[PDB]
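Student: please find the sequence and an experimentally derived structure below.
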Amino acid sequence: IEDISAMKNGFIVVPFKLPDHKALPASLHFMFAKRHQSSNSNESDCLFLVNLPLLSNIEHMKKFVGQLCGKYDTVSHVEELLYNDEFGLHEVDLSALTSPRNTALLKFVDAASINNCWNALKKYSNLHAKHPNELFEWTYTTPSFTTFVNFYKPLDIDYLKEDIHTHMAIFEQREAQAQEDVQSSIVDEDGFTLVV
Amino acid sequence: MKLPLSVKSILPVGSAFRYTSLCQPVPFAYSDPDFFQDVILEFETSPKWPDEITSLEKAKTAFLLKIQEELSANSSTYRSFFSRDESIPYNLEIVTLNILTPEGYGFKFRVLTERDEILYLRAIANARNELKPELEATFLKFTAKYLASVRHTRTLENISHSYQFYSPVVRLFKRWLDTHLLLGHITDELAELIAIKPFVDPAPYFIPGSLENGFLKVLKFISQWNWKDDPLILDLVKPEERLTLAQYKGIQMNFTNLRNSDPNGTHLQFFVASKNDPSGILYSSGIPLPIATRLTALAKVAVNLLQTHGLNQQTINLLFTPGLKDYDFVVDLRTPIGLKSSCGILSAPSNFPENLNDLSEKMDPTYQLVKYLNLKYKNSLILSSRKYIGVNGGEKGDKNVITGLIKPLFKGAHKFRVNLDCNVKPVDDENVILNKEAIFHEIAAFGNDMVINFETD
Amino acid sequence: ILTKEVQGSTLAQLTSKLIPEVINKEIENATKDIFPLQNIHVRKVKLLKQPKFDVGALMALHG
Amino acid sequence: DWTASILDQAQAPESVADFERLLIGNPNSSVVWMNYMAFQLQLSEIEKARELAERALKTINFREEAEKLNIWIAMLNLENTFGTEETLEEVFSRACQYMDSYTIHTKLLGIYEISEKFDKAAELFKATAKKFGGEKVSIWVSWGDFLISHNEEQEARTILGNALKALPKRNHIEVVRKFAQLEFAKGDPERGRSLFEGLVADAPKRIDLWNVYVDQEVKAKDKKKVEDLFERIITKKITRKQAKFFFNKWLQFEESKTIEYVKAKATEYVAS
């Protein structure tokens, strides 16, 4: 169990020490990493992550990569946490149809960050066998009463109206420039799919 | 009111409009989850409704902005604000209009158009064969939310005059589901239609002229009925519009066609159909199998308990007492604010506060807690709780409990795949098994101050 | 258009639909694709086949 | 037995109620499904096994792409050795419509080779080279493995002129190397030497063409043809660290009399 450093299909095992609680009588969390290979431009220098911890945001990943740079004495900067659909909210695109779970893409600013941080995961993967007390503890952000009752709080009227006017102010003008004939061609193709 | 689009309909579909709200409606008692009653809102049939669902719901939103502008403009005794509706999957732009009267009651307004079903069935036609049953679930919750609830509250409010004892039986039965933590997975209207069969079909017994006889016929019928082999077909009329022979046999053909593809009933357990729901799956899909077998099993423990020890006070006390048995973990919860007085329950809420953000100061954190815990652990865990903490949360109404069951999908080692949706630990470099304790740290750190006790398996 | 309006949620809502003549506008919303129209009203309704007294549901309009 | 061969192409429960509880415990594992399919096949319940394949297409989770790709491999195995051509043309059509169609052709060719229906195979090698040959390299390679194994080297000689006509210019280097590796492994090594000589005369600066052509000759183990080709490398331009890897292959091969001649040459080139 301790000697498991990398998966058969190349996923680096990443342990985490877990915080104690009043109701609970040393456990570890296992997030698995991989280099992401893609021809997509915004999907470059990403780490494909499986089994993310609870409420993992860009800030806790900047903290953890800051701990990795603090330990193995290297340079790496985190750019953007991509595809964090933790509850299943952005899995199915509804708007394109009316017209990969527990994974993420850890986008870095450059290839030196994913090379240095990838080798830092190569060195961090062996600590389950080498030093079980030198692992990094994952500190969960803990929602209080206020965070759960934020979803009972009302919508802000002014930014909603700003979303209406700035939302329609782009699409109504662009689609107003692309009016009838093009949409009649597209729905003509939709009727072409209707017949056969 | 004067609008650019004339209102076609203002149709109430609330439970308190069909008299099934578990708490009776108390003025200014907003802490109850049945406080805001949903109302369907329909405008005139006009081509001003766009061909994209986000701009459609934002058009509904701006229409509710005009309604709020007139309402705050001239009817300032009525208070109002806006909220989101995310219970429909992947339509995050649904905004409900919450209105608080000086009579102390609150309503949420939602808008239904004719462009809706064209866009949803359009989206089903646009979908490839991969994503189709999830859009069947979104369209199914959409149909259960906007379309047949008008005929449901219409029909039950209609024939409710013929069965006067139906309301305390169905409210007490929903409290029985609340005590046994089965209310969170089961929709309310399904429990109404399960609860209506000894009334709409009293034979060979009589129509129940008491709360005791009705609730005992409910528990007896649940303890005797087999959902696997037998359907449930209802005639929702008044005593001497009934179903013909060909329609009854057609619904039985729907049941047999359902049992051709789901013979063990894992995907669909309860088939409760009628004239209002010929499909029988509108309010009964998405519920786990141990909810069904646990409901039938607790029905057999209750009914066989009354066969064994007779009927006295202690047996009725054991009807409403959670045994808390056969669970993988037990989470003991306590909110720091008791809400039994503010839910309007005698053992007084008189006004709404000046700030609407203070209304969240008298809400249920455990409902959002178990809600998002079901949203994240949908593939890995089965999580049950008490929805109405002011009813069954002690003497102050401030304690909850999360009974958690590991699904049989994640009991052993599995091949590691990227779409596993499980918190695992490796047994080798190839296979992984579920990590219980890391999930337990996520639950405790997710419920940092309210988780008081934690029992394991 | 007449049949989709009726057989749901009787005079408590039905006469309440009749008063702001929403149904007459619903006629106008469909008639516009053929030939538009003017004043259209329903002008008359009558009852012939009330089933029974039903005093209890008759007290629902009462406070 | 039947399930591992489906798992071969892709890259104790003893009753009815045994598998049905494991389908509750594992609705997304084709190891559970195909064993319950092979439970019906060994009981000669082919018609019952046809509907179980239809149930698995609607039961297994939809994000499981390669898992559902296993099922269509199992379905094509059903009506090939139990069904007819009219049953085979229905499943294979619907398999190409729902998943990636080119991967369906690569598995169905693999079934005909194992089931030894070579007359139906080469007809299907011909049709897929017509419509996928202008884009895919491996559709000529799978037909390149087919012609050599049945002693049709002259038919496996005209494969390249049809491949160089169909593949673009950036794939012309790839298709010659892959065909000629089948010559040193399965065909005639002299025919493979006539193919790499076109790549040497066209791309001398491409250094890994020299390595593959001496990778296939170490496996050929001919003592005269090794010492010829390794001497023809160093006259071309190789860099500092890359040429030492050529000495790494050339020292250890002669170890497994002429070892002092090859040690006397590995150190003269550092000074000059």
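Tutor: That came through fine. Numbering: from 1, shown residues only, chains lettered A, B, ... in the order given.
Student: next, count neighbours for the residue lying closest to residue B:389 once chain neighbours are set aside.
Tutor: Closest residue in space to residue B:389, ignoring its immediate chain neighbours: residue B:400 at 5.3 Å, by CB to CB, 6 or more residues apart in numbering or on different chains. Bear in mind the C-beta positions are built from the backbone N, C-alpha and C, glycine included. Using other CB atoms under 10 Å in any protein chain shown, residue B:400 has 26 neighbouring residues.
Student: what sits against residue 22?
Tutor: Going with chain A. B:444, B:451, B:452 (CB atoms under 8 Å, 6 or more residues apart in numbering or on different chains).
Student: wrong one, I was asking about chain C
Tutor: Residue C:22 neighbours (CB under 8 Å, 6+ apart): B:6, B:7, B:8, B:44.
Student: write out the residues of the stretch 101-250 of chain B neighbouring chain C.
Tutor: B:150, B:151, B:154, B:161 (CB under 8 Å from any CB of the partner chain).
Student: most neighbours, which of the contacts of residue C:22?
Tutor: Going by other CB under 10 Å, residue B:8 tops those with 23 neighbours.
Student: and that residue, its phi and psi?
Tutor: The phi/psi pair for residue B:8 (degrees, to the nearest 10) reads phi -70, psi -50.
Student: what secondary structure does the nearest residue to it once chain neighbours are set aside sit in?
Tutor: Sequence neighbours aside, residue B:42 is the residue nearest to residue B:8 in space, at 3.8 Å (criterion: CB to CB, 6+ apart). With DSSP: H, G, I helix; E, B strand; the rest coil as the basis, residue B:42 sits in strand.
Student: for residue B:42, which residues make a bridge with it?
Tutor: residue B:9 (DSSP bridges).
Student: my read: it touches residue B:6, true?
Tutor: No - if you go by CB atoms under 8 Å, residue B:42 and residue B:6 don't touch, sitting 10.0 Å apart.
Student: nearest residue to residue D:181 other than its sequence neighbours?
Tutor: residue D:216 (6.2 Å).
Student: got the buried residues for stretch D:41-53?
Tutor: D:41, D:49, D:50, D:52, D:53 (16 or more other CB atoms under 10 Å in any protein chain shown).
Student: quick one: contacts for residue B:415?
Tutor: B:430, B:431.
Student: thinking again about what came up before, in helices, which of the buried residues of stretch D:41-53 appear?
Tutor: Per DSSP state H, helices hold the following members of the buried residues of stretch D:41-53: D:41, D:49, D:50, D:52, D:53.
Student: closest one of these to chain A?
Tutor: residue D:53 (25.9 Å; CB to the nearest CB).
Student: residue B:430 contacts residue A:8, correct?
Tutor: Yes - using CB under 8 Å as the test, residue B:430 is close enough to residue A:8 to be in contact (5.0 Å).
Student: chain neighbours aside, what residue packs nearest to residue D:176?
Tutor: residue D:195 (5.3 Å).
Student: and for the one you found, the neighbour number?
Tutor: 19.
Student: also residue B:360?
Tutor: 18.
Student: and the residue of the stretch 151-272 of chain D nearest chain C?
Tutor: residue D:168 (54.8 Å).
Student: can you give me the helices in chain C?
Tutor: Under DSSP H, chain C gives helices at C:2-5, C:11-18, C:22-31, C:55-58.
Student: pull the residues that contact the second one.
Tutor: Residues lying outside helix C:11-18 but in contact with it, judged by CB under 8 Å, 6+ apart, are B:9, B:11, C:5, C:6, C:23, C:42, C:45, C:60, C:61.
Student: among those residues, find me the one that's closest to residue B:337.
Tutor: residue B:11 (35.2 Å; CB to CB).
Student: helix or strand: which one has the nearest residue to residue B:82 once chain neighbours are set aside?
Tutor: Excluding its sequence neighbours, the residue lying closest to residue B:82 (CB to CB, 6+ apart) is residue A:155, at 4.1 Å. Using DSSP states H and E, residue A:155 sits within no helix or strand.
Student: from what I see, residue A:155 and residue B:81 are in contact.
Tutor: Yes - counting by CB under 8 Å, residue B:81 is a contact partner of residue A:155 at 7.1 Å.
Student: the more surrounded of the two?
Tutor: Neighbours were counted for residue A:155 and for residue B:81 using other CB under 10 Å; residue B:81 has more, 18 against 14.
Student: distance check, the nearest residue in space to that one that is not next to it in sequence against residue B:66.
Tutor: Spatial nearest neighbour of residue B:81, excluding adjacent residues (CB to CB, 6+ apart): residue A:154 at 3.8 Å. Noted for residue A:154: a distance of 18 Å to residue B:66, by CB to CB, to the nearest Å.
Student: can you classify residue B:247 by secondary structure?
Tutor: helix.
Student: what about it, neighbour count?
Tutor: With other CB under 10 Å as criterion, residue B:247 counts 13.
Student: just to revisit the earlier point, just the contacts of helix C:11-18 now: which is nearest chain D?
Tutor: residue B:11 (36.0 Å).
Student: would you check that the closest one makes contact with residue B:39?
Tutor: Yes - Residue B:11 is within contact range of residue B:39, at 6.8 Å (criterion: CB under 8 Å).
Student: who touches the residue nearest to residue B:81 in this structure?
Tutor: Counting by CB under 8 Å, 6+ apart, residue A:154 has contacts B:81, B:82, B:83, B:98, B:356, B:357.
Student: may I ask which of those has the most neighbours?
Tutor: residue B:98 (21 neighbours).
Student: quick check: phi and psi on it?
Tutor: Dihedral pair for residue B:98: phi -100, psi 120, per degrees, to the nearest 10.
Student: measure it to residue B:34 for me?
Tutor: 14 Å.
Student: picking that back up, just give me the neighbour total for the residue of the stretch 151-272 of chain D closest to chain C.
Tutor: Residue D:168: 9 neighbours (other CB under 10 Å).
Student: check the one 10 residues further on too.
Tutor: Using other CB under 10 Å, residue D:178 is surrounded by 18 other residues.
Student: can you check residue D:36 too?
Tutor: 19.
Student: what distance do you get for the nearest residue in space to it that is not next to it in sequence to residue B:379?
Tutor: Nearest residue to residue D:36 in three dimensions, chain neighbours excluded: residue D:19, at 3.8 Å (CB to CB, 6+ apart). According to CB to CB, residue D:19 and residue B:379 sit 22 Å apart.
Student: more neighbours: those two, which one.
Tutor: Using other CB under 10 Å as the criterion, residue D:19 and residue B:379 rank with residue D:19 on top: 20 against 16.
Student: distance of the more buried one relative to chain A?
Tutor: 27 Å (CB to the nearest CB, to the nearest Å).
Student: I'd say residue B:298 and residue B:181 touch.
Tutor: No - the pair residue B:298 and residue B:181 fails to qualify as a contact (CB under 8 Å) at a distance of 10.3 Å.
Student: those two: which has the busier surroundings?
Tutor: More crowded of residue B:298 and residue B:181, by other CB under 10 Å: residue B:181, with 24 against 21.
Student: so is whatever helix or strand residue B:68 lives in next to chain A?
Tutor: Using DSSP H and E, residue B:68 maps to helix B:53-74. Yes - for helix B:53-74, a contact with chain A is found by CB under 8 Å from any CB, at B:53, B:54, B:55, B:58, B:61, B:62, B:65, B:68.
Student: so which of these is the closest to residue A:2?
Tutor: residue B:54 (50.0 Å).
Student: quick check: the gap between the closest one and chain C.
Tutor: 25 Å.
Student: what sits against that residue?
Tutor: Counting by CB under 8 Å, 6+ apart, residue B:54 has contacts A:95, B:93.
Student: now do the one 10 residues further on
Tutor: Contacts were defined as CB under 8 Å, 6+ apart; by that measure residue B:64 touches B:82, B:95, B:97, B:109, B:111.
Student: circling back to that earlier point, would you verify that the residue nearest to residue B:389 is located in a helix?
Tutor: No - Residue B:400: not assigned to a helix; according to three-state DSSP it is strand.
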